[PDB]
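Beneath this line is the structure, given in structure tokens, with notes to follow.
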Amino acid sequence: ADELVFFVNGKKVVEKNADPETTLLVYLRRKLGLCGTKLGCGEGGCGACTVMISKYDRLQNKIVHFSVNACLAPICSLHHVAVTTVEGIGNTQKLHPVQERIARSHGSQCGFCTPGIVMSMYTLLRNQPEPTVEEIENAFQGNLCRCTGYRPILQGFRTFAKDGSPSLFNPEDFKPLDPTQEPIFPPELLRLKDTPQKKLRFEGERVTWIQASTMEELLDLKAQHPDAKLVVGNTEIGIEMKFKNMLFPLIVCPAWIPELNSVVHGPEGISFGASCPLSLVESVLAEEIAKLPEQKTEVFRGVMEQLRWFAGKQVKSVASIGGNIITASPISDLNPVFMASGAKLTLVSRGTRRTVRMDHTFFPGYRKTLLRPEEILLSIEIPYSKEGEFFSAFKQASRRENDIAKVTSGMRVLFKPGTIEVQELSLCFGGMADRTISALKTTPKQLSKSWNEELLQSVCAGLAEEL
Amino acid sequence: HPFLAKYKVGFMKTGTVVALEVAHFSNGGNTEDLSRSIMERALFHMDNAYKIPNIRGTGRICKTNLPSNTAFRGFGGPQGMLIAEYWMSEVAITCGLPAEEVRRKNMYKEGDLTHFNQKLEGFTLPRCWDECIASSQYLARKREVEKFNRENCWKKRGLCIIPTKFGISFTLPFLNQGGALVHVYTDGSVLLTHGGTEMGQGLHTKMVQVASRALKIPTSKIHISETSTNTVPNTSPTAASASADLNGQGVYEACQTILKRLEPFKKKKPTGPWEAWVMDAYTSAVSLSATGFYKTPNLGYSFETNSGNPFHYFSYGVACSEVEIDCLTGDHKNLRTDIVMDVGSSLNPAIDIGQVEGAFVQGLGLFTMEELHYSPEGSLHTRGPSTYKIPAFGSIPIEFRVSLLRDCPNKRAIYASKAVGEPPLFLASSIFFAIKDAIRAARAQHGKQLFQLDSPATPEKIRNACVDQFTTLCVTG
Amino acid sequence: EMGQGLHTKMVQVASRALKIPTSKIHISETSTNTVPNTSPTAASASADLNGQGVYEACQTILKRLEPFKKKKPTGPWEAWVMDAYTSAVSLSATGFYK
Amino acid sequence: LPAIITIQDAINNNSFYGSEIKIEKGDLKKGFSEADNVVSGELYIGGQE
Amino acid sequence: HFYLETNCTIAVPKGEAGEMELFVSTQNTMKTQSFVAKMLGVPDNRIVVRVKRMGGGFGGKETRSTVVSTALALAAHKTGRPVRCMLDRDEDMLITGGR
Amino acid sequence: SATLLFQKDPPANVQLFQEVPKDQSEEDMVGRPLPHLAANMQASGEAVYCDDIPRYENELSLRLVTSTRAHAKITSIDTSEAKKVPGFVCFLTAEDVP
Amino acid sequence: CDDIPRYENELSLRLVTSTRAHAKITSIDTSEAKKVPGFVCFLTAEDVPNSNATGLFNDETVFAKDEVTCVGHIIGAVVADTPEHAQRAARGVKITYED
Ligand SMILES: Cc1cc2nc3c(=O)[nH]c(=O)nc-3n(C[C@H](O)[C@H](O)[C@H](O)COP(=O)(O)OP(=O)(O)OC[C@H]3O[C@@H](n4cnc5c(N)ncnc54)[C@H](O)[C@@H]3O)c2cc1C
Ligand code: FES
Ligand code: FES
């Protein structure tokens, strides 16, 4: 009802008085005394707190592994998962290959970032025991090092890749990797996968957390208590609580609910459940980009481009698509793309269901959407592109304030078929106002016009005036 | 410390500098702290690598309602040196002469005096330069850059090679001192401590390497647990790159003391092992504990007479960096960086290469990313990695080459080593001036010659300087 | 220290050796990582042995302070010490006796 | 209370830590008057965390 | 001896390089350090023994303190946690011997 | 090249240094690339940084209170809300400095 | 020593000693010790990493091995969260002897 049950480095942890405000990082360090995992920023940017989560995915019927930032992970979201920290993979008596290689390659100077980078690399090898050089670099988008200049870490780890004066180190002396010798998935969690999950309640000093098991529970709780703050990955709420001193006395986590985690192919595009992590969106759309003809995947590719330079693996494994949309930051990289493509959102409450194609109206004010306090976002349909329909996404990689004034854009054009004449044109921008906007004075002027120099100069003149 | 400089340089048509006047201002914030010493070090390096016969530098430290600014790896050096390279870049451009030549012909030679009248002995900079020119294939790469630029309107490349001289020792002479304490227990194990602190620079590693040579026993028999005021008192801060120099000598002296005491037992059993000497010393009631101490000799500069040596020696190095800018976004790639660094006979080349790379990458941050913003009323807005962008794995030069200079022993520091921590940082200015070269090429594409590039050269500053039909329209219809 | 007043005696000794008040001298503890290879506190011998140890350590310090003493024979202890420090003279010493 | 924030604020309020520090050698007057070219300018360098 | 403070050790493992610090009621830091080192199989330079003061020794803490110190050292090494033991009078009188 | 999407080419790094003399003992590590002594422990998370040191059971936590103004007089400090927070012990100000 | 504050992760040790002047240790049963709340472990000679040989003339055991040689000879050590729980667990260590 009430007990929080999870595993840490293969050992079962029973927490009888889980406080919803307790992060996994605080729990490991102050409750379990496992101080390998570090505090570097508490914001998700630095990766010094990176640990691995393992769980049984009910929806795919397999054991999955992913990295997260322990500084942002509520323990109350971790019922029936298994955590692995740096202490879990080896020690100085028996170093894991990842540990040995970063040490011997001169990849560790002050050593404070080392556990986090070790866990990012370790997690990559659990998913892909033979990654490319490119996958290895991508594994560290969420890991900062102030000392090494990174070169020795990548070079040492390059030895794991399939596509690889004296020497500073000798790769030949490195112990080889045997993926079979990693720790077992806790059999207890495989036994419990068969039990149906029920609603859980945790009560802290200030905050109550309800882990909802069904859509019915969630919508009931929102109908009777619209104040109930949805928490999914906690990558925005975590910051609001820690740094903006916001307090949400009642939290509901719907991450378990199947309908919020589903991926449905339809005639118009791919519908993702609101609580789908961005890493799932990424892996689904990437398979679609590789399989489908180019003419159908213009919007998909715009999404993927925005997700390329978008936090690291740790954030994307838990950051939900719905979370990004409803946060409604002026500098969301996804909202301009969804707006420009007119993505279809499904909104539900107890006893209502509606659809809106995202447009200027969806965001009426700073950090507001047109959801009613009792509605939640169920799903978003990312559309296939049509014949003669083109999409580009763009963003400023240079940030100066918390949540404003970084340009990011979705741009779409639809051509009258067989022609170069504009049927539709959508130009949407973050970072140019207190919300995602559309350049709705400039684009209507361009309908019918041919795609030429006269259109270029008209749009540029228009944007220079309107923005 | 932020720096504002106002400069005026006088030069010949050959690019030979004949006159230089620089007024520096630093933003010190709300306590003095180290601000004055930092301004001293900027002034000691306003020459960077260049002999200037007629020269005036002033510095003024501003007192402001901001958090007190302090020491940061380089300690006013990189600020002083960036200003130097900035007017030097304009000297070359004004003359219509290759920048590498203009720098080369203005460079000190062996035996030259600096503007503060210290003599440059063991002047390895020319070899660093010549080696870096050859190993970077600079002349051939300049041609490919020019070619890229003719073939590409909206991306441009830049290539620049930058030297550095960095003075080693605290500017306050008495701080150039260090202490060690060593114990040999009766099992032959050695516990060593010194005033230096470990912060990732591998100082303890170096001191164990030193102690192991000095005592002629393996590193495995020597341990450092920590730094403590109750084992070594009155220690200098671990700073000014000097800690291996100062503590190395201290450690070395404490070890010599122990050896002197073991000598009779060595003579009587010259084969019998370390452990037997030690147990024989012990059961003979010989002290197996010693202090060691060192002070850097013969330092002391006067601003009043412009005489006396502030530094024990100088570190030298050179970096060639190449970039590709995106003229439409202000984004850029660091394509390649080649560094040749004189670290004397390295105590530890793995660690010294580590330090060159780390220092360079912090400088890359200073000069291209890493901007702090403050409200008009003086409140810092940039307070975490969401808004303050330090270099990431993806930020570093795609091809990254580092060489430690061969056959350059430095007699006057521990086992002929040189300090390494701070000197490489400024060599990232090579990325900055490569960006500046790229910007010029973009400006000539559409279609004034000494344009402004402040530091850091962020996407904002790069884009805005790439004047075109878009920047013109946005600034005025 | 086991109640026999050994630390009191060694402060007494050092105060005389250094010619400064006992108030300026402190003993905090005994540790294998400050003085190694020590005999037990036993055989009634501890004040004799450590007394000589302390005395020699104090004499080394006096020897280093001499020049600054001769240059300022009146101006106080704190002045000699700061003068030595700012002239980069070691103010740490071991002492030993057999 | 009145705040002094920027370098330029401090300059025109004479708000400094002690006096001007200076190094100079040779003859500036002669140097500039004998040069072929003179170039002046200004440079701002931001700090670093 | 009937030292009014009985034998007592606190052993603190640092979890690096076999480093351990002991806080001990002993007249004999040296042998305490040696017997801990030898039992663990680490060099003497890893082990620090600290004595502020004893509530009496009288010779009874010249060697026999180590039978407590070693046991505690071991427990700290095995658990990776600080461990403490102070003997009750009956234990001390029985274990530590006499004149 | 204006429409190309960001593309990283294969990294290619070179580190050149000097071998030590052939006759230098294998035990003499000066000039040799010995790994940082703590590298293994740093990678294993066993290396102890300040906050990794275990708490004493009686240990307290401190939090600084800072000025939200660049230049101002302090006219009042009210701690009445601080005091209601469970576990609150005290607010230190200038007047507590001994 | 015992006035030093405890770390929050600190454990208590209690020595388990021979009740026979000279005898073989036949068996050791910790079954009752394990039931005492807060029990962590019972240390014996087997848990010594390097050497069980200690004492000034190297003729002493850290922990008895096979035979006990006085009433008070230390056989092992119980580790538990508190000293009360260590005392209790120590009583639940039953030793069988052959004189
Ligand atoms: C280090 C870091 C870097 C980042 N970089 C970027 C970036 O480059 N670009 C970018 O666009 N974003 C970025 N973000 C933001 C990130 O994409 C969002 O924080 C994330 O998508 C929010 O998802 P979440 O599940 O963590 O939401 P939570 O923090 O759990 O919730 C966020 C908000 O959405 C609400 N909510 C969540 N799900 C629903 C639903 N189904 N219905 C109704 N309301 C709901 C919550 O009540 C809350 O108000 C970054 C975040 C971090 C920490
Ligand atoms: S502490 Fe920096 S991301 Fe968690
Ligand atoms: S080694 Fe210091 S932050 Fe990476």
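Naming scheme: A, B, ... for chains in displayed order of the structure tokens; residues 1 onward per chain; ligands 1 onward as shown.
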Pick out the residues no farther than 6 Å from ligand 1, counting only C-alpha atoms and all ligand atoms, and list them as a PyMOL selection string. chain A and resi 43-45+229-237+274-275+310-311+315+319-324+326-327+332-334+376-378
Within 9 Å of ligand 3 (only C-alpha atoms and all ligand atoms), residues as a VMD selection string: (chain A and resid 48 107 to 114 117 144 to 150) or (chain B and resid 199 to 200) or (chain F and resid 42)
When you look at stretch 3-5 of chain D with a cut-off of 8 Å (counting only C-alpha atoms), what residues show up, excluding the ones that are within fewer than 5 positions of it in the same chain? I need them as a ChimeraX atom specification. /B:63-66,377-378 /D:10,13 /F:70-71
List the neighbours of stretch 85-89 of chain F out to 12 Å using only C-alpha atoms; skip same-chain residues closer than 2 positions along the sequence, and give me the result as a PyMOL selection string. (chain A and resi 205-206) or (chain F and resi 59-63+79-83+91-92)
Could you give me the residues within 9 Å of ligand 2, counting only C-alpha atoms and all ligand atoms, as an NGL selection string? (:A and (25 or 37-50 or 68-72 or 142-144 or 314-315)) or (:B and (385))
Serialized selection, N, CA and C atoms, as a PDB file, in the first residue's frame:
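This went into result02.pdb:
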ATOM      1  N   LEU A  25      19.772  10.055  -5.194  1.00  0.00           N
ATOM      2  CA  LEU A  25      21.151  10.447  -4.865  1.00  0.00           C
ATOM      3  C   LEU A  25      21.281  10.601  -3.334  1.00  0.00           C
ATOM      4  N   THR A  37      28.495   7.702  -6.034  1.00  0.00           N
ATOM      5  CA  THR A  37      27.629   8.594  -6.800  1.00  0.00           C
ATOM      6  C   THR A  37      27.708  10.005  -6.197  1.00  0.00           C
ATOM      7  N   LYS A  38      27.980  11.014  -7.042  1.00  0.00           N
ATOM      8  CA  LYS A  38      28.294  12.338  -6.564  1.00  0.00           C
ATOM      9  C   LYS A  38      27.213  13.361  -6.932  1.00  0.00           C
ATOM     10  N   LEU A  39      27.190  14.436  -6.137  1.00  0.00           N
ATOM     11  CA  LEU A  39      26.504  15.679  -6.443  1.00  0.00           C
ATOM     12  C   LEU A  39      27.461  16.655  -7.142  1.00  0.00           C
ATOM     13  N   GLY A  40      27.151  16.999  -8.399  1.00  0.00           N
ATOM     14  CA  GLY A  40      27.902  18.013  -9.205  1.00  0.00           C
ATOM     15  C   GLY A  40      27.115  19.299  -9.521  1.00  0.00           C
ATOM     16  N   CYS A  41      25.774  19.237  -9.551  1.00  0.00           N
ATOM     17  CA  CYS A  41      24.952  20.387 -10.015  1.00  0.00           C
ATOM     18  C   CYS A  41      23.489  20.285  -9.559  1.00  0.00           C
ATOM     19  N   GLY A  42      22.997  19.053  -9.325  1.00  0.00           N
ATOM     20  CA  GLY A  42      21.595  18.760  -8.917  1.00  0.00           C
ATOM     21  C   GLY A  42      20.549  19.188  -9.945  1.00  0.00           C
ATOM     22  N   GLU A  43      20.962  19.354 -11.210  1.00  0.00           N
ATOM     23  CA  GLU A  43      20.192  20.026 -12.269  1.00  0.00           C
ATOM     24  C   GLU A  43      20.078  19.152 -13.540  1.00  0.00           C
ATOM     25  N   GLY A  44      20.795  18.018 -13.602  1.00  0.00           N
ATOM     26  CA  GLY A  44      20.745  17.146 -14.725  1.00  0.00           C
ATOM     27  C   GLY A  44      21.777  17.461 -15.809  1.00  0.00           C
ATOM     28  N   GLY A  45      22.609  18.484 -15.609  1.00  0.00           N
ATOM     29  CA  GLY A  45      23.549  18.907 -16.663  1.00  0.00           C
ATOM     30  C   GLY A  45      24.888  18.194 -16.616  1.00  0.00           C
ATOM     31  N   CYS A  46      25.313  17.698 -15.448  1.00  0.00           N
ATOM     32  CA  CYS A  46      26.726  17.341 -15.254  1.00  0.00           C
ATOM     33  C   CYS A  46      26.979  15.826 -15.235  1.00  0.00           C
ATOM     34  N   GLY A  47      25.993  14.997 -14.873  1.00  0.00           N
ATOM     35  CA  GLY A  47      26.173  13.510 -14.962  1.00  0.00           C
ATOM     36  C   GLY A  47      27.009  12.876 -13.851  1.00  0.00           C
ATOM     37  N   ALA A  48      27.495  13.671 -12.885  1.00  0.00           N
ATOM     38  CA  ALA A  48      28.342  13.120 -11.798  1.00  0.00           C
ATOM     39  C   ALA A  48      27.540  12.126 -10.938  1.00  0.00           C
ATOM     40  N   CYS A  49      26.206  12.252 -10.984  1.00  0.00           N
ATOM     41  CA  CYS A  49      25.238  11.402 -10.234  1.00  0.00           C
ATOM     42  C   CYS A  49      24.693  10.241 -11.084  1.00  0.00           C
ATOM     43  N   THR A  50      25.270   9.997 -12.244  1.00  0.00           N
ATOM     44  CA  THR A  50      24.726   8.966 -13.147  1.00  0.00           C
ATOM     45  C   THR A  50      24.800   7.566 -12.522  1.00  0.00           C
ATOM     46  N   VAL A  68      20.220   7.146 -15.553  1.00  0.00           N
ATOM     47  CA  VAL A  68      19.505   8.322 -15.090  1.00  0.00           C
ATOM     48  C   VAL A  68      20.434   9.139 -14.184  1.00  0.00           C
ATOM     49  N   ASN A  69      20.023  10.390 -13.982  1.00  0.00           N
ATOM     50  CA  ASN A  69      20.611  11.313 -13.028  1.00  0.00           C
ATOM     51  C   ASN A  69      19.941  11.063 -11.674  1.00  0.00           C
ATOM     52  N   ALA A  70      20.693  10.519 -10.729  1.00  0.00           N
ATOM     53  CA  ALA A  70      20.141  10.196  -9.408  1.00  0.00           C
ATOM     54  C   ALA A  70      19.699  11.461  -8.675  1.00  0.00           C
ATOM     55  N   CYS A  71      20.259  12.622  -9.028  1.00  0.00           N
ATOM     56  CA  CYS A  71      19.943  13.861  -8.320  1.00  0.00           C
ATOM     57  C   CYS A  71      18.494  14.285  -8.590  1.00  0.00           C
ATOM     58  N   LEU A  72      17.886  13.761  -9.661  1.00  0.00           N
ATOM     59  CA  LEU A  72      16.538  14.200 -10.060  1.00  0.00           C
ATOM     60  C   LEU A  72      15.510  13.063  -9.958  1.00  0.00           C
ATOM     61  N   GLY A 142      25.654  13.944 -21.515  1.00  0.00           N
ATOM     62  CA  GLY A 142      25.215  14.401 -20.193  1.00  0.00           C
ATOM     63  C   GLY A 142      26.284  14.308 -19.109  1.00  0.00           C
ATOM     64  N   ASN A 143      27.563  14.214 -19.497  1.00  0.00           N
ATOM     65  CA  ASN A 143      28.657  14.036 -18.557  1.00  0.00           C
ATOM     66  C   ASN A 143      29.687  15.139 -18.806  1.00  0.00           C
ATOM     67  N   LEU A 144      30.013  15.899 -17.742  1.00  0.00           N
ATOM     68  CA  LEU A 144      30.980  16.981 -17.830  1.00  0.00           C
ATOM     69  C   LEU A 144      32.214  16.569 -17.026  1.00  0.00           C
ATOM     70  N   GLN A 314      20.870  10.294 -19.875  1.00  0.00           N
ATOM     71  CA  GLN A 314      20.323  10.255 -18.524  1.00  0.00           C
ATOM     72  C   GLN A 314      18.969  10.970 -18.456  1.00  0.00           C
ATOM     73  N   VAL A 315      18.858  12.122 -19.125  1.00  0.00           N
ATOM     74  CA  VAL A 315      17.632  12.934 -19.144  1.00  0.00           C
ATOM     75  C   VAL A 315      16.602  12.310 -20.096  1.00  0.00           C
TER      76      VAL A 315
ATOM     77  N   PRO B 385      24.907  24.641 -15.051  1.00  0.00           N
ATOM     78  CA  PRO B 385      25.265  24.224 -16.406  1.00  0.00           C
ATOM     79  C   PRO B 385      24.158  24.373 -17.467  1.00  0.00           C
TER      80      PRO B 385
END
Any idea what the distance is between atom CA of residue A:436 and atom CA of residue A:302?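 Answer for the atom CA of residue A:436 to atom CA of residue A:302 separation: 16.3 Å.
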Can you tell me, as a count of residues only, what residues are no more than 10 Å from residue C:49 when counting only C-alpha atoms, ignoring any on the same chain fewer than 5 positions away? 7
Give me the residues near residue G:77 as JSON, numbers by chain, where near means some atom within 6 Å (using only C-alpha atoms) and where sequence neighbours in that chain fewer than 5 positions away do not count. {"G": [14, 15, 16, 42, 43]}
Quick one: which residues from chain A are at most 9 Å off chain F, using only C-alpha atoms, as number ranges by chain? A: 29-30, 33-38, 86-87, 89-92, 95-96, 98-100, 102-115, 117-118, 133-134, 151, 155, 165-169, 305
Residues of chain G near chain F: apply a cut-off of 10 Å, count only C-alpha atoms, and supply the list as a PDB file with N, CA, C and O atoms, in the first residue's frame.
ATOM      1  N   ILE G   4      34.380  10.172  22.525  1.00  0.00           N
ATOM      2  CA  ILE G   4      34.356  10.565  21.135  1.00  0.00           C
ATOM      3  C   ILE G   4      32.978  10.219  20.554  1.00  0.00           C
ATOM      4  O   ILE G   4      32.491   9.109  20.694  1.00  0.00           O
ATOM      5  N   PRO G   5      32.278  11.175  19.904  1.00  0.00           N
ATOM      6  CA  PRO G   5      30.964  10.905  19.350  1.00  0.00           C
ATOM      7  C   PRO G   5      31.072   9.751  18.349  1.00  0.00           C
ATOM      8  O   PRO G   5      32.147   9.534  17.777  1.00  0.00           O
ATOM      9  N   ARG G   6      29.970   9.011  18.207  1.00  0.00           N
ATOM     10  CA  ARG G   6      29.875   7.879  17.299  1.00  0.00           C
ATOM     11  C   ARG G   6      29.533   8.447  15.922  1.00  0.00           C
ATOM     12  O   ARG G   6      28.745   9.375  15.802  1.00  0.00           O
ATOM     13  N   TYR G   7      30.116   7.862  14.883  1.00  0.00           N
ATOM     14  CA  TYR G   7      29.606   8.040  13.535  1.00  0.00           C
ATOM     15  C   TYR G   7      28.237   7.376  13.408  1.00  0.00           C
ATOM     16  O   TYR G   7      27.958   6.411  14.116  1.00  0.00           O
ATOM     17  N   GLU G   8      27.395   7.895  12.508  1.00  0.00           N
ATOM     18  CA  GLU G   8      26.048   7.381  12.374  1.00  0.00           C
ATOM     19  C   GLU G   8      26.074   5.925  11.868  1.00  0.00           C
ATOM     20  O   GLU G   8      25.136   5.178  12.164  1.00  0.00           O
ATOM     21  N   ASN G   9      27.163   5.505  11.203  1.00  0.00           N
ATOM     22  CA  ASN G   9      27.308   4.138  10.662  1.00  0.00           C
ATOM     23  C   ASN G   9      28.156   3.251  11.602  1.00  0.00           C
ATOM     24  O   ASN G   9      28.471   2.126  11.236  1.00  0.00           O
ATOM     25  N   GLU G  10      28.420   3.688  12.846  1.00  0.00           N
ATOM     26  CA  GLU G  10      29.332   2.979  13.756  1.00  0.00           C
ATOM     27  C   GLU G  10      28.694   1.709  14.336  1.00  0.00           C
ATOM     28  O   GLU G  10      27.514   1.669  14.672  1.00  0.00           O
TER      29      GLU G  10
END
Record the distance separating atom CA of residue D:1 and atom CA of residue D:44, expressed in Å with one decimal.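 Computing it gives 27.4 Å between the two atoms.
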Per residue of chain B within 8 Å of chain A, note the shortest atom pair and the distance in Å to one decimal, counting only C-alpha atoms, and order the rows by chain and increasing residue number, as CSV.
residue,atom,partner,partner_atom,distance
B:198,CA,A:110,CA,7.8
B:199,CA,A:110,CA,5.4
B:200,CA,A:110,CA,3.3
B:201,CA,A:109,CA,6.3
B:202,CA,A:109,CA,7.0
B:329,CA,A:396,CA,7.3
B:331,CA,A:397,CA,7.6
B:349,CA,A:168,CA,7.8
B:350,CA,A:168,CA,5.8
B:351,CA,A:106,CA,7.5
B:354,CA,A:148,CA,6.0
B:355,CA,A:148,CA,7.4
B:357,CA,A:149,CA,5.4
B:358,CA,A:149,CA,4.6
B:359,CA,A:147,CA,7.6
B:360,CA,A:149,CA,7.7
B:361,CA,A:149,CA,5.4
B:362,CA,A:146,CA,7.3
B:371,CA,A:400,CA,8.0
B:373,CA,A:400,CA,7.0
B:381,CA,A:401,CA,6.7
B:382,CA,A:401,CA,7.0
B:384,CA,A:41,CA,6.8
B:385,CA,A:45,CA,5.6
B:386,CA,A:45,CA,6.4
B:387,CA,A:400,CA,5.1
B:388,CA,A:400,CA,7.3
B:389,CA,A:398,CA,7.7
B:390,CA,A:146,CA,8.0
B:391,CA,A:144,CA,7.8
B:392,CA,A:144,CA,6.0
B:393,CA,A:150,CA,5.6
B:394,CA,A:137,CA,7.5
B:396,CA,A:149,CA,7.1
B:400,CA,A:151,CA,7.9
B:458,CA,A:398,CA,7.9
B:459,CA,A:398,CA,6.9
B:470,CA,A:460,CA,7.9
B:473,CA,A:464,CA,7.0
B:474,CA,A:464,CA,5.7
B:477,CA,A:461,CA,7.7
Filtering to C-alpha atoms, could you give me those residues as a compact mmCIF listing (two decimals), in the first residue's frame?
# COMPACT_ATOMS: atom_id res chain seq x y z
CA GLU B 198 45.85 17.06 -4.59
CA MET B 199 43.06 18.54 -6.78
CA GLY B 200 43.47 16.22 -9.77
CA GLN B 201 46.89 17.54 -11.01
CA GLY B 202 48.73 14.38 -9.91
CA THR B 329 24.42 30.50 -36.93
CA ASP B 331 28.34 27.88 -34.41
CA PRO B 349 54.51 12.75 -19.27
CA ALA B 350 51.10 11.09 -18.87
CA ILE B 351 50.21 13.65 -16.20
CA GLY B 354 46.89 15.55 -19.06
CA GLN B 355 47.63 19.03 -17.75
CA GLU B 357 45.07 19.06 -22.50
CA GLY B 358 42.99 20.11 -19.45
CA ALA B 359 44.50 23.61 -19.35
CA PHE B 360 43.97 24.07 -23.11
CA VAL B 361 40.34 22.94 -22.84
CA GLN B 362 39.65 25.33 -19.91
CA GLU B 371 29.83 33.68 -20.47
CA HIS B 373 25.51 37.31 -17.26
CA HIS B 381 21.82 35.05 -13.60
CA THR B 382 24.12 32.22 -14.71
CA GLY B 384 24.48 26.31 -13.30
CA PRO B 385 25.27 24.22 -16.41
CA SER B 386 21.84 24.96 -18.00
CA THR B 387 23.04 28.57 -18.64
CA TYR B 388 26.84 28.32 -18.23
CA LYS B 389 28.33 26.17 -20.99
CA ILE B 390 31.69 24.63 -20.17
CA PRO B 391 33.35 22.44 -22.85
CA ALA B 392 31.69 19.08 -23.36
CA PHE B 393 33.08 15.86 -24.83
CA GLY B 394 31.89 17.15 -28.28
CA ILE B 396 37.28 19.40 -28.13
CA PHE B 400 44.18 16.84 -31.01
CA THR B 458 30.48 33.07 -28.52
CA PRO B 459 27.96 32.14 -31.29
CA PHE B 470 20.40 39.25 -42.81
CA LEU B 473 18.01 43.84 -42.49
CA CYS B 474 17.62 43.05 -38.72
CA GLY B 477 15.29 47.75 -43.06
Any chance you could tabulate, as CSV, the residues of chain B at most 6 Å from chain F with each one's nearest atom pair and distance in Å to one decimal, using only C-alpha atoms, in chain and rising number order?
residue,atom,partner,partner_atom,distance
B:65,CA,F:70,CA,5.4
B:154,CA,F:2,CA,5.6
B:202,CA,F:36,CA,5.6
B:205,CA,F:37,CA,5.6
B:209,CA,F:30,CA,5.4
B:213,CA,F:28,CA,5.4
B:218,CA,F:27,CA,5.4
B:346,CA,F:31,CA,5.4
B:347,CA,F:31,CA,4.4
B:348,CA,F:31,CA,4.9
B:349,CA,F:33,CA,5.3
B:350,CA,F:33,CA,4.6
B:378,CA,F:70,CA,5.8
B:398,CA,F:11,CA,5.0
B:399,CA,F:12,CA,4.8
B:400,CA,F:13,CA,4.8
B:401,CA,F:14,CA,4.6
B:402,CA,F:15,CA,5.0
B:403,CA,F:16,CA,4.4
B:404,CA,F:17,CA,4.9
B:406,CA,F:18,CA,5.9
Can you list every residue in stretch 17-170 of chain A that DSSP puts in strand (DSSP E), as number ranges by chain? A: 50-57, 62-69, 82-84
Which distance in Å separates atom CA of residue B:24 and atom CA of residue B:80, to one decimal?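 Separation between atom CA of residue B:24 and atom CA of residue B:80: 8.3 Å.
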